[PDB]
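# Observations on the three-dimensional arrangement
Residues per chain are reported as follows:
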Amino acid sequence: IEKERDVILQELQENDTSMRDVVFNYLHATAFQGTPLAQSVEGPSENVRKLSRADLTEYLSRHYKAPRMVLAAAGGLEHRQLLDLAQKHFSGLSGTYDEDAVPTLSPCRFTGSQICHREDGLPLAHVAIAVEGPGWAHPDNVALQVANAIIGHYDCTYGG
Amino acid sequence: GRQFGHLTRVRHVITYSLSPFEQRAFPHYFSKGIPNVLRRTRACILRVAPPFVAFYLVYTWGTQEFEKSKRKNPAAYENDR
């Protein structure tokens, strides 16, 4: 824990080195403010210090039950010879089904807004701009796959 | 020179704002605003009024001073002689 508690903290600060990931963090938080979706994946720093492995054991116990769990594989394996050797751990070790209420989630709010971190020293300035759209399951998700492909993209380095 | 580009150099400032639709044209404009009207009005009225007094005083002061001086010929010299 302490070893890993340190590395993350070590990394937490280092994480300012790749600007890409950085702005996205801003990006979510500006749209989804007021929703757990809007929050740092690694989470804020002080928690990691404050973090204790009992609360883990909670979340260990909480969401690592089945049906939440899912297994797959591909290769020379077929199906049966998977399932037979799936069989019993993890038929099983439960891996349960009870509740964690159900299925705890909420539709998230969408924020017309702006965020700016102004630092003029750096040579370049990333930009991100977006609007919200349909969820995973939805008809139009594919209809908009192409518009992006059509409008395409550019980079310094192409031979185009 | 180029107006927005090169003016100043600034680092590690952050700014937050919303769509104007996201918010209201009068967030307690009446209730919350009225005190703000009041508080600052005195900071000026200290230094504003005092002369305005002076004129209006002198205004009437001279006015009266003007009046009787003119208005009444048999004032000091009455019409016995």
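Header annotation of the entry names cryo-EM as the structure determination method and lists the resolution as 5.0 Å.

A separate point is the side chain of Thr111 of chain A. Following the sequence through the fold, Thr111 of chain A ends up in the loop between α5 (80-83) and β1 (113-119). Polar side-chain contacts of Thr111 of chain A include one of 2.6 Å to the backbone oxygen of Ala31 of chain A. Setting aside residues up to four positions removed in sequence, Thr111 of chain A forms contacts with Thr30, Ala31, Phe32, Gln33 and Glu132 of chain A together with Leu18 of chain B.

Attention now moves to the environment of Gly92 of chain A. Residues and elements named next belong to chain A. With respect to the secondary-structure elements, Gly92 resides in the loop between α5 and β1. By relative accessible area, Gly92 is classed as partly exposed at 47%. The spatial distance from the C-alpha of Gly92 to the C-alpha of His126 is 49 Å, given a sequence separation of 34 residues.

The next point concerns the interface of chain B and chain A. In this assembly, 13 residues from chain B lie in contact with 12 residues from chain A. Between chain B and chain A, the buried area comes to about 990 Å², and carbon and sulfur atoms account for 49% of it. Interface area lost by chain B to chain A is led by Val10, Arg11 and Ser17 of chain B, which between them contribute 35%. Viewed at the interface, chain A and chain B are joined by one salt bridge. The residue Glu119 of chain A makes a salt bridge to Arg11 of chain B at a minimum N-O spacing of 2.6 Å. In this structure, the connection of chain B to chain A is made through seven residue pairs in polar contact. Bridge count between β1 of chain A and strand β1 (residues 11-18) of chain B: seven bridges; the pairing is antiparallel. Across the sheet, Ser113 of chain A pairs through a bridge with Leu18 of chain B, a residue of β1 of chain B.

Each value, and the rule that gives it
- Residues numbered from 1 in each chain as written, not as in the entry; some residues may be left out.
- Chains lettered and ligands numbered in written order.
- Part of a larger assembly, values for the part shown.
- Heavy atoms only, no water.
- Helix = DSSP H or I, 4+ residues; strand = E, 2+ residues; numbered from the N terminus.
- Polar contact = N/O pair within 3.5 Å; in protein donor to acceptor, adjacent residues only side chain to side chain.
- Contact = heavy atoms within 4.5 Å.
- Buried < 20%, exposed > 50% of the residue type's maximum accessible area, 1.4 Å probe, protein only.
- Buried area = accessible area lost by both parts, 1.4 Å probe.
- Salt bridge = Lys/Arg side-chain N within 4 Å of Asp/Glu carboxyl O.
- Pairing = 2+ DSSP bridges.

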